[PDB]
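1. To kick things off, part of the complex as it is:
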Amino acid sequence: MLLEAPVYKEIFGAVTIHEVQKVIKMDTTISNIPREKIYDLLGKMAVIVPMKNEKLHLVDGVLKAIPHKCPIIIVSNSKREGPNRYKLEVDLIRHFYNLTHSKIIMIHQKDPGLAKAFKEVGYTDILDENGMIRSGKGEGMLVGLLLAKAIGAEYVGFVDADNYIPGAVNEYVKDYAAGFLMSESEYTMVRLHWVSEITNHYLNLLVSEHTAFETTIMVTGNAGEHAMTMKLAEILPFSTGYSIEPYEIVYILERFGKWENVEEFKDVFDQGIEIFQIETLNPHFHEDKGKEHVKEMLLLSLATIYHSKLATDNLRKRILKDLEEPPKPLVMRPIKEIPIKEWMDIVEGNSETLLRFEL
């Protein structure tokens, strides 16, 4: 693959944010990431697909588009009764596997075997009040991340299951790889770029207020399509809903944007954190969920920044003016401390929905 070379970037403490780079040529002042080395990295990357009540036909297209090389991790939070959509998804995955021999793990977010595993290792931020896994995208992602960690993945890439364009999914995974192949830190994040303009406006404002120089470096504030090395992923606290993506940025800037407590994450401060932003060649066509979603998305997004400890009054004032105070985003602790072998054994010993195919 050919891409614009990573030239311009902005540094905030230990955080390097690379300017957005366009994919120049798909199949191969320009960076040349040979097809050969991309495929080589693919085998070390788990593609996590969090889904919830999506049309099977879209799900089918997405799964078929993921490079065979990549282990697929599906976390469903689909409706369980009247009708059991989880069952329909299971039938779909079984058929898909019978025709492709894809390496796949799937599990339902509400499996009581999952709740049991988290309680026993003493990680309870993911549990709701009835002691079951809380409903939500961030929760499903966390579950997916632990499963990816349990199979030894070095990189994890997330892709939404409601994409109308299978080929874009195929490109996303390759672009994540390209991004990882262009970085020099083991702590790397790759975010894809095609309200989000509102979100980016404020994220940049979050840093501007301190530097005194207006910036537009961040253009992936709401990027659902992103990937990270497992080393970075395991140390990040995670929020949920529409706050996940922007919270990753806010948290990284908050914690590593200055040299405070370097002692606690000495290796991260040493290597630094790299954030690549890649503009895909394919446009973005997904399901239209109605606007009580769009409104939600912006409320949660700006709330994440509004509550950041980096937010000055000016910033807070403006966010309010632009939008009662915004609810504080629910944040869950990093999963690093979790003894993975132990967690995994409890999961596979008590989960009634966990399905594995060559993995």
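-> Looks like it came in fine. Residues are numbered from 1 along each chain as shown, chains lettered A, B, ... in the order given.
2. OK, contacts around residue A:86?
-> Applying CB atoms under 8 Å, 6 or more residues apart in numbering to residue A:86 gives the contacts A:76, A:78-80, A:108, A:353. Where you see a C-beta, it was placed from the backbone N, CA and C, and this is true even at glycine.
3. That one sits in which helix or strand?
-> helix A:85-100 (DSSP states H and E).
4. Output the contacting helices and strands for the following helix or strand past that helix.
-> Next helix or strand after helix A:85-100 toward the C-terminus (DSSP H and E): strand A:104-108. Under the contact criterion of 3 or more CB pairs under 8 Å, 6 or more residues apart in numbering; DSSP states H and E, strand A:104-108 touches strand A:72-76, helix A:85-100, helix A:137-150, strand A:355-357.
5. Parallel or antiparallel, which strands does strand A:104-108 pair with?
-> strand A:72-76 (parallel), strand A:355-357 (antiparallel) (DSSP bridges).
6. Mean neighbour count, the ones you listed: which tops it?
-> strand A:72-76 (a mean of 26; mean count of other CB atoms under 10 Å).
7. Contacts for it next, please.
-> Here strand A:72-76 makes contact (CB under 8 Å, 6+ apart) with A:46-52, A:63, A:66, A:86, A:89, A:93, A:102-109, A:140-141, A:143-144, A:147-148.
8. swap the cut-off to 6 Å and go again
-> With contact meaning CB atoms under 6 Å, 6 or more residues apart in numbering, strand A:72-76 is reached by A:46-51, A:66, A:86, A:89, A:102, A:104-106, A:108-109, A:140, A:143-144, A:147-148.
9. which SS class is the closest residue to residue A:5 other than its chain neighbours?
-> Counting by CB to CB, 6 or more residues apart in numbering, residue A:5 lies nearest to residue A:31, which is 4.4 Å off, once chain neighbours are set aside. Three-state assignment for residue A:31 (DSSP: H, G, I helix; E, B strand; the rest coil): strand.
10. returning to that earlier point: show me which of the contacts of residue A:86 are buried.
-> Using 16 or more other CB atoms under 10 Å as the burial test, those include A:76, A:78, A:108, A:353 as buried.
11. got the contact list for the closest residue to the third one other than its chain neighbours?
-> Excluding its sequence neighbours, the residue lying closest to residue A:108 (CB to CB, 6+ apart) is residue A:353, at 4.1 Å. With contacts taken as CB under 6 Å, 6+ apart, residue A:353 has the following neighbours: A:107-108, A:111.
12. and residue A:353, what element?
-> Counting by DSSP H and E, residue A:353 is found in no helix or strand.
13. Please report how far it lies from residue A:205.
-> For residue A:353, the distance to residue A:205 equals 43 Å [CB to CB, to the nearest Å].
14. got it, and residue A:350?
-> Applying CB to CB, the value for residue A:350 to residue A:205 is 47 Å.
15. Check residue A:61 too.
-> Distance of residue A:61 to residue A:205, given as CB to CB: 38 Å.
16. then chain B, please:
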Amino acid sequence: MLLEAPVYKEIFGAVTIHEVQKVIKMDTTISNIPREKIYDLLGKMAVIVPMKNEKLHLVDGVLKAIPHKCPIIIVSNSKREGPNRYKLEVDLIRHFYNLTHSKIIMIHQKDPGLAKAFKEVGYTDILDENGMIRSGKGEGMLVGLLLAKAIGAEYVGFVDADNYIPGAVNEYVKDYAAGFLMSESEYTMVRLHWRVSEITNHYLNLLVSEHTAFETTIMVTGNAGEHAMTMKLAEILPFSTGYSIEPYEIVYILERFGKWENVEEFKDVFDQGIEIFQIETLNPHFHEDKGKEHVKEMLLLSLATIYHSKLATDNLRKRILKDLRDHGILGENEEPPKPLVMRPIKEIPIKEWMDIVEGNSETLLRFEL
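-> Following on from the chains above, chain B is added here:
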């Protein structure tokens, strides 16, 4: 790549039509066509991109998605003055080249250097009243075909320049390769599938059933703008003018090879057979909306090609008139026009033609090709 295996098909004389097959898995009762094999074949296939006044960003996306290995042939019939859109396209292509070094050839359909070469070799089917190359997509493809032959391509694949999905284009090229890798004959065609299409197919299938007595639905790629052929097949096909080209390829193949007749003339074609693959892409087809008239015209030309076929019957012709008139695009007592058909280019001595083009074309630009 994984596709459903080519299990079912229907044979008409020396013509084999494979039942449509779906792509099952992108990168790798199921046929496994490994990536490495597809990549080896791409070097031998030229991708022809006929374009006329399309948006530059769309054109850009299409060229960036064609596998680097494939030589690219562009034939533009874009506006020449007020403003010179061909120049905007040349700037675009020059920039694309400096960033990727893709092998490319581009020329403008109306280049007087082209008309000179056709005229000089005695091929006038393509020239209009004043001896200039006729406007029309079929005519642009014919030009692209000779260029592809001139540079030694074994296969040719067509791709429309107004695709909103670069990825779909990347898939099309690989699907063509898949089809050729699954074929056995040197005379092979690969057509991609994803109301006009449905209507055209309804009648092409009818064209056949009027003779077999059994209703079929085997043909599902009647209006397949995205298709490929081995050069060996491409060079023996007459090509219809303007937008009537794709359905006519099916019609002519049925009329001429649908029965064992006058075999000596196409000796080897009858020996090897003609194979047509139909592959349903994983990607959706999303291209530019050109409006109602355009859609009516595609309809009119598609059915006209079938209405005038030698295989057509009275029942079929009447069913077509009712449909066209009833659909309001054919006057109440008017029949479909008979699209002009240009002859096969096999007899054109390509060296001779290519020399004339090279020595007289003002729009011809080559990049490592």
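17. again for what packs on strand A:104-108, chain B present now?
-> Packing partners of strand A:104-108 (3 or more CB pairs under 6 Å, 6 or more residues apart in numbering or on different chains; DSSP states H and E): strand A:72-76, strand A:355-357.
18. Toward the C-terminus, what is the element adjacent to that strand?
-> Where DSSP H and E defines the elements, the next helix or strand beyond strand A:104-108 is helix A:112-120.
19. Report the secondary structure element holding whichever residue of chain A sits closest to chain B.
-> Using CB to the nearest CB, the single residue of chain A nearest to chain B is residue A:167, 2.6 Å away. Using DSSP H and E, residue A:167 maps to helix A:166-182.
20. Show the subsequent helix or strand relative to that helix.
-> Where DSSP H and E defines the elements, the next helix or strand beyond helix A:166-182 is strand A:188-193.
21. can you give me the offset of that following strand from its chain's centre?
-> 9 Å (CA atoms, centre = their mean, to the nearest Å).
22. cool, stretch A:151-171 as well?
-> Centre-to-centre, stretch A:151-171 and its host chain are 10 Å apart (CA atoms, centre = their mean).
23. cool, stretch A:274-281 as well?
-> So, by CA atoms, centre = their mean, the centroid of stretch A:274-281 is 14 Å from its chain's centroid.
24. Is it positioned near chain B?
-> Yes. Stretch A:274-281 is in contact with chain B by CB under 6 Å from any CB of the partner chain, via residue A:281.
25. Strands of chain A, residue ranges please.
-> A:2-4, A:9-12, A:15-18, A:21-25, A:30-32, A:45-51, A:72-76, A:104-108, A:155-158, A:188-193, A:226-229, A:273-279, A:355-357 (DSSP state E).
26. tell me what the helix holding residue A:167 is packed against?
-> Applying 3+ CB pairs under 6 Å, 6+ apart, we find helix A:166-182 packed against helix A:35-42, helix A:56-65, strand A:155-158, strand A:188-193, strand A:273-279, helix B:166-182.
27. swap the cut-off to 7 Å and go again
-> For helix A:166-182, the packing partners by 3 or more CB pairs under 7 Å, 6 or more residues apart in numbering or on different chains; DSSP states H and E come out as helix A:35-42, strand A:45-51, helix A:56-65, strand A:155-158, strand A:188-193, strand A:273-279, helix B:166-182.
28. Would you tell me which residues of the stretch 101-250 of chain A are close to chain B?
-> A:164-168, A:170-171 (CB under 7 Å from any CB of the partner chain).
29. Format the helices and strands packed on helix A:166-182 as JSON lines; extra columns: distance to residue A:225 and mean neighbour count.
-> Below are the helices and strands packed on helix A:166-182 laid out as JSON lines (distance: least, CB to CB, whole Å; neighbours: other CB atoms under 10 Å in any protein chain shown):
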{"stretch": "helix A:35-42", "distance to residue A:225": "16", "mean neighbour count": "16"}
{"stretch": "strand A:45-51", "distance to residue A:225": "11", "mean neighbour count": "25"}
{"stretch": "helix A:56-65", "distance to residue A:225": "12", "mean neighbour count": "20"}
{"stretch": "strand A:155-158", "distance to residue A:225": "7", "mean neighbour count": "26"}
{"stretch": "strand A:188-193", "distance to residue A:225": "4", "mean neighbour count": "26"}
{"stretch": "strand A:273-279", "distance to residue A:225": "10", "mean neighbour count": "25"}
{"stretch": "helix B:166-182", "distance to residue A:225": "14", "mean neighbour count": "25"}
